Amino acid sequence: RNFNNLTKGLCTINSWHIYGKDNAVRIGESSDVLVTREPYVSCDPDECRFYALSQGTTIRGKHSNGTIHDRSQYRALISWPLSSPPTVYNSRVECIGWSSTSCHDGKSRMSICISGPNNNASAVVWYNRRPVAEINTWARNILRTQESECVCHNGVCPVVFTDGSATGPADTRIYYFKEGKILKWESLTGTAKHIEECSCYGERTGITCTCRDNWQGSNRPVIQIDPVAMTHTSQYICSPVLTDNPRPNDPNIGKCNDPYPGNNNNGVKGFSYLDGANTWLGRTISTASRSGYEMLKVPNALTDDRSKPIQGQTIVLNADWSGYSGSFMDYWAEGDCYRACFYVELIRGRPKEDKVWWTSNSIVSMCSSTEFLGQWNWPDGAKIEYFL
């Protein structure tokens, strides 16, 4: 076949419809469902699948004790069929490690997993299910990457990595891969001051990534990548509609080229679709914790430091736990435009529910509609009391 090229724009987003939901924690109460976290979704030309980092144990298994921890030798990137749960028997391992990204270039899939101790981690780049390239840590402090899908154009797939402090200046690099081979890498440029866990999408030969500032910012950094020139810029979302978590209350003036202050040394992976008047931002409803999730239509959020919402949709009630969120699109669907999609990780267990000793999640996913559809809310749906 052929390399996918980003020739289309985004479809007009007037609401969001349910796309996938795996009910993993409900089902895992009485089935062999793997403990996971950091999920995402990624499409092949002939299939869309769920992805996540396994913890190498089932939820009901005794080894689920202690799975609040992020990095171990027992983690792996797995994938499984859309809206099924991640089971021992239906999950496919993509590579071994505790930080990942993955994407299809139209011909084959690239998957990247990072493993190792904090001071000696390394990335292995797989292409067509074979290891092709390796990258050693350059700052010796938890080499880490996107935790959602990358995007490819004409065979070139950019990936954002960070190595260094989670609470001060770090060393972020953008790598450009083709068939798993390193074409080029560059150090981060622009005005973003701290970058983690970028969520990306592609449109009209440009790639846009919305990231997490874990140091001083509660507005989100944005990286804009030209996959042909293999260059990038960075800044923050200018809008005063702040979308990190935890975060201050929304002001009336945002910040384009610096972190908006109030909350230090924390954050959550999130995403946005930045498309002029067709702009939608995702965020937790709570400003204090990872609970609730909503989409807000915020015209020109990227560039207008006074911009406010004109429409919205609740995805997860504030009474229910959320978690990481990220972007993906089916680049191989029919039609003249790409349909914006996203997922929300619904974290259950520790630290917020400490009557159990495990941490896991389920997944809900939505795609955009040109209709103005009615909204529901989409909780994980499991009862903690059943696990006691």
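Numbers follow the displayed sequence, beginning with 1.
For the pair 202 to 210 and 124 to 132, the record assigns the higher mean C-alpha temperature factor to 202 to 210.
Comparing 37 to 45 with 332 to 340, the higher mean C-alpha B-factor in the PDB entry belongs to 332 to 340.
Considering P158, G267, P248, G97 together, the PDB entry gives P248 the largest C-alpha B factor.
When the C-alpha B-factors of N263, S234, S272, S108 are read from the PDB record, the largest value belongs to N263. Sort the chain's modelled residues by C-alpha temperature factor and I285 lands in the lowest third, per the entry.
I27 sits in the lowest third of its chain by CA B factor, as recorded in the PDB entry. Per the PDB record, residue ranking by Cα B-factor puts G312 in the highest third of the chain. Among all modelled residues in its chain, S365 ranks in the lowest third by Cα B-factor.
In this PDB entry, the Cα temperature factor of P117 sits in the middle third of its chain's modelled residues.
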